[PDB]
């Protein structure tokens, strides 16, 4: 199996009960899975999404629906993974460039 990731890093994610923006650590696997954890120790797995099978769209910026950025931050930092079962994963990068780097990586993961 794989011993190394396509991309890893922090993103803020809007939570599924409280809808709070909270830090999570993300690993994108070469099998297509995006895994997110509470922190960068990889101890507390939260959830996953299989980009090829589950994702039907990736939105960024003003495209993102039903989600507003953390206070003070441009919505151009945001990206939203849209899944076929209606799950949306609303994300906020540190910068607009971090957002684009993830967008392009996640788009490619769908077709990889």
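Positions refer to the first chain, counted from 1.
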Open item on the list: Which is higher on mean Cα B factor in this entry, 71-79 or 35-43?
Closed with: 71-79
TODO: Grab the CA temperature factor for residue 54 from the record and place it in the lowest, middle or highest third of its chain.
DONE: middle
Task: Third assignment of residue 16 from its chain's C-alpha B-factors - done: highest
TODO: Divide the modelled residues of the chain into thirds by Cα B-factor and specify which third, lowest, middle or highest, holds residue 112.
DONE: highest
